[PDB]
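Throughout, read-outs are computed from the coordinates displayed, never taken from laboratory work. Here Cβ is always computed from backbone atoms with ideal geometry, including for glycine, and neighbour counts include all displayed protein chains.
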């Protein structure tokens, strides 16, 4: 469940089918954005997991798995940065902030797209009788 | 798997069934590719564009002009078109601190227009998004409680009024809404 | 050197004493050896046979010791009977006969095989379960489910059932079934449908879902999430009452109604008070059952489930009269368990005696001793849940600045339902004659329960008003719950 | 560094080793 | 300070529940009991059933105890200059514990293998050294495991209480018999009681013959030790609870318990050592000088047991016959054994840093005060409570020891009190923390 | 003579355990005492014939 392997798939397809050059940059920016998002998520989730562990409600192996993922994310982001430098020269000082912004923008876009599906769950759950023009007919 | 088009340069997964995460990621990659095709300079800056901003502002002003002429039908269409264009034809790497406030400023007017028109569920969902995305003000809970009372949801309405009064206890409208909610709920239980 | 018994003259007495010192106390100990429940009998009259069969299916030591003592005593009485010569009481063939290597090989076995194997088994069994009471894989699954949870997705009952269907404890019961099968069984239970052949699995997993939902609620409160906690509580109600969540559910949880008539005929009755507004025969005519001996049962169920109501709520700190910065206060609630049938008694009638707190050192050193003296909650009316449950109220507190749960939920179990008894049936809503001025009404007979919640966090260091939100929900019925806001005025 | 099960195993192993040495010496003296 | 790679058990990252704790305590106890019953290999009645001599537990816990008391004295005399402000000097002290214990184990093992009666004639000597070394290392690691948090408490106190209870039970239910002229008689009380009640068939005579038993344990001592056990258990609940309240964080109210048995049972051991030393010194001196104007006054020995002397006055009474013989010696012995215990208890609370001044300083540090009193009076209030409690606890322990030695129980009052305190500690901790 | 006076005063000010608490006290302590004593006695008794046969 990630965009890490999909970039590798696009790369393998490019090595054979001669795709354009900007598709690689798009996949790379997407992987960087996902890495930034996951890093921030772990950085804000660490204390709650630590408290759950100290209280004795999470187990002993999940804590080690979490501490391993913490540095796996850093390794993945370092690999992403190395690949970004390899693909375009002198594109490391700007790539980081570009990813930092596309992360927030795409998260906001997903949240805004979700309301069209959020609107019908409430109709089903509250048994509203809505005709055309969104008005109620009791 | 996934197929790669030639002229449109769009990636589409030709599989029989695909998960939701893969579809979202392919759509995001397509949006980024379409933005990069148009953006000419190789080292793009998070500085926002200009012509897109002028177009959005023009559409929004053309929509707001209809409020003076008292046409409450096509003004909503123009505002929705402006919001759709802002959400569609804007590059993802543009500044967030300039991309969010414009959306808020247009969505508030769309909310007021939908509330005056008579559509309450669309307005309620817009209020909910605007509140969950980081805007908590006494001017939001009033309209949200009004909607929840208009479509007969009294416990949620009372909770909304209570959270609104827990922020600005000097408000004069939230108290009237709380009184009305208590009356409707006391009629609803007894 | 010791002299082992060679003619069976000493070990009889030793074995006799060893047997008596165990038999005596057992025989001695063998010779030496608050809340009205109205639904305990009405529950067994509505439970189907398919669940009765499930709940049904899923001193000799003293006698043998005494007969052995008698045999040994008869054998002793039947027998014939200067430097020191030390000796032992054990027999001779144990050490010098042909069974001499048997002793040492049995010792080696019992020391090398049985001990480490059993200790390792016990250790690996106790190292796998969580202090809450669920498996480790289940807790890992719950944490991983709440970690990557998109806040845009709205929580429902189907989603929480989908989350529950992945518990590792469901796999140890039936290693053949799949998680999709478990989700199908849960949906068939909630929608009151027949499984055909897997009823004994449906009942098992439904009875197990209790601890799973409690653990999920604990974890959701640990991640500071309110929507998932409320969804878990609503799903627990739905599983206990075997009914999907709809607007008019307080009236559909009743024992014997028909949905196709009530839903299509009426559209304004949604609670139980609005139901009890009608007369005694109009209720039966609306619910469409037309059977007096069968209507009395549902009218006795509908007027015996508890609704709450607050009388006084405030923050108290033991040993002081106000809240000061960086103090340790708690929440003191004075609730009133009432029926859906009784009218409203004004708060001014309370004699102000039951609302005050005692001021003494032994009373302010531990303010929960007076709360721990209340009777338990009676058995609930759940004819579809396999096992038997007691009522429960889950109270959880959150904040109003951002809306995040700030402590694990407190679960109370002791509360007095005295106001629901049948001696106070005069106090009716339909009479509308101002029943407070009645011959049987004495404001000292109505009990006012108490609820105390430890806050777990000290007061803030600043000075001002800080608002909270307290929610007290049931876990068995669809009654009227509590949702109140309160502020602590840290004043110094 | 050391787990409780490791200490239990060390203790049981040392005990069984001493007892095995004893019984081996005894059976060797009994046979020859 | 240096770098050391030594075997050490790591503390648990989370609190261990009560069930695992109890089971680990039981397993460690079983291992320690089985380890001390197996004899060595190369060595050439029982003669090893009474004391643990000639087994894998030759050294036992003596090196650990000696290292502990040596470094405790070194800390008390103020030569280490330890400061709790850092978390490194503490670890250095804990590793000094172990590096001293190891060299002491090595030295004592070499001394025993080169001097003991195991035999002078190389592989056998290496094996005898390795067995003792491995056993001592196992005992040390097991104690460290029980003390780190996997057990209910320390290891030394648990092992001592286990030995005390084992001796108490072996004095009563021993299957061994002894034949001296008259016949075979069990060395236990209950066993011989049932034997004489079953086989002799003369109840009126066998009951009296098995209840008194001047030569061996009997049932009267069992009844007396049960009664003394119950009385000691009753006097363990005494406590003075003074109310305290906090001033830093308001709303924290509690009580501070001041027990009756305040001291740690060290002064009674010191007093017993002192009286034994002075008795043996008087014995040796009277052996050296037969008749002297002063030595005849300080002590006279005859038919061994001293008579008509100060050592005769300070000697302990064995049974009630000597008590009813001469009341003067009884009253002098009682007053001596009570006064010395009281004085030693007062001095010990003054020395061991539990004086009222230290408690007042701790109160001022934590910020607590007394409930219905001022803040400048905590010292003046604890001075009127703590010394009296310590003195009366010492006097009560002395009286209990005297009564136990007088009525002739199966175990002295000191050992029973130590075992009861050790077990009551576990019980009170489990009740306060909350567990099955 | 003040020693005994202060002693009996402090004893009057103490908190003696009641019967309901003394019962739990004696139960727990007796259970622990017997639990350690029986284990010690059994371990000491089993190893006599084993040490006879082995050694």
What number in nm² do you get for the protein assembly as shown if you take the convex hull of its Cα atoms and divide its surface by four? 75.1 nm²
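Using a 10 Å cut-off on Cβ to Cβ distances, tally the other chain neighbours for every residue of C:143-149 and report the average as a whole number.
3
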Rounded if a/c is under 1.5, else prolate if a/b beats b/c, else oblate: with a ≥ b ≥ c from the C-alpha gyration tensor eigenvalues square-rooted, which is region E:1-153? oblate
With a point put 7 Å past each Cα toward its Cβ, work out how far residue C:429 is from residue C:31 in nm, to one decimal. 6.2 nm
Net length gained if the chain between residue B:135 and residue B:39 were fully extended (0.36 nm per residue, minus Cα distance): 31.4 nm
At a 10 Å Cβ-Cβ cut-off, how would you order B:57, E:432, fewest neighbours first? E:432, B:57
So what's the angle, to the nearest 10 degrees on a 0 to 90 scale, between helix F:2-13 and the longest Cα principal axis of chain F? 80 degrees
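Work out the mean other chain Cβ neighbour count within 10 Å for the residues of C:70-81 and drop it here as an integer.
1
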At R0 = 60 Å, FRET efficiency that the Cβ-Cβ distance of residue A:21 and residue B:188 yields, to 0.05: 0.40
Helix B:96-117: inclination vs chain B longest Cα principal axis, degrees, rounded to 10, gives 50 degrees
Using alpha-carbon positions, the gyration tensor of region A:30-118 gives root eigenvalues a ≥ b ≥ c; with a/c under 1.5 called rounded, otherwise prolate if a/b exceeds b/c, else oblate, the class is oblate
Relative contact order, percent, of region E:160-300 when contacts are C-alpha pairs under 8 Å separated by at least 6 residues? 11 percent
Order these peptides, C:122-134, C:239-251, by their mean beta-carbon neighbour count within 10 angstrom, highest first. C:239-251, C:122-134
Neighbour-count ranking for E:303, C:411 (other C-beta within 10 angstrom, fewest to most) reads E:303, C:411
What FRET efficiency comes out for the pair residue E:269/residue C:154, r = Cβ-Cβ distance, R0 = 51 Å, nearest 0.05? 0.10
In a Gaussian network model over chain B where Cα atoms closer than 10 Å are linked, find which of B:144, B:54, B:110 has the largest mean-square fluctuation. B:54
Please compute the volume of the convex hull spanned by the alpha-carbon atoms of region C:41-91 and report it per residue in Å³. 239 Å³
I need the calculated FRET efficiency for the pair residue E:381 and residue C:357, taking r as the beta carbon distance and R₀ as 30 Å, to the nearest 0.05. 0.55
Considering the zone a paramagnetic label at residue C:399 would reach in this model (a point 7 Å from Cα along the Cα-to-Cβ line), which residues of region C:462-480 have amide N under 15 Å from it? C:462-470
Region C:163-246 pair-distance distribution - Cα-Cα, 10 Å bins, rounded %: 17, 49, 29, 5, 0
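Using a/c under 1.5 as the rounded threshold, could you call chain F rounded, prolate or oblate? The axes a ≥ b ≥ c are square roots of the C-alpha gyration tensor eigenvalues, and prolate needs a/b larger than b/c, oblate otherwise.
Oblate shape, in that a/c is at least 1.5 and b/c is the bigger or equal ratio.
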Rounded to whole angstrom, the alpha-carbon centroid of region B:1-76 lies from that of region E:160-187 at a distance of 95 Å
For chain E, what is the calculated [θ] at 222 nm in deg cm²/dmol (nearest 500), taking -39500 (n - 2.57) for each run of four or more DSSP H residues and dividing by its residue count? -19000 deg cm²/dmol
Taking the Cα centre of each part, how many Å lie between region C:263-337 and region E:375-436? 55 Å
For chain B, find the longest principal axis of its Cα atoms and tell me its angle to the long axis of helix B:74-88, 0 to 90°, nearest 10. 50 degrees
If each of residue A:133 and residue E:283 carries a label point 7 Å out from its Cα toward its Cβ, how far apart are those two points in nm? 11.7 nm
Sorted by mean Cβ packing within 10 Å, highest first, what order do the peptides B:112-124, E:86-98 take? B:112-124, E:86-98
Region C:461-482 and region E:347-365 have their Cα centres apart by a whole-number Å value of 47 Å
Bins of 20 Å from zero: percent of alpha-carbon pairs in chain C: 16, 39, 26, 14, 4, 0
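Within a 10 angstrom radius of each residue's Cβ in B:126-132, how many Cβ atoms of other chains show up on average? Whole number is fine.
Other-chain Cβ atoms within 10 Å of each residue's Cβ, averaged: 2.
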Highest first, please rank the peptides C:148-155, B:23-30 by the mean number of other Cβ atoms sitting within 10 Å of their residues. B:23-30, C:148-155
Inter-site label distance for residue A:93 and residue E:179 at 7 Å from Cα along Cβ, in nm: 10.6 nm
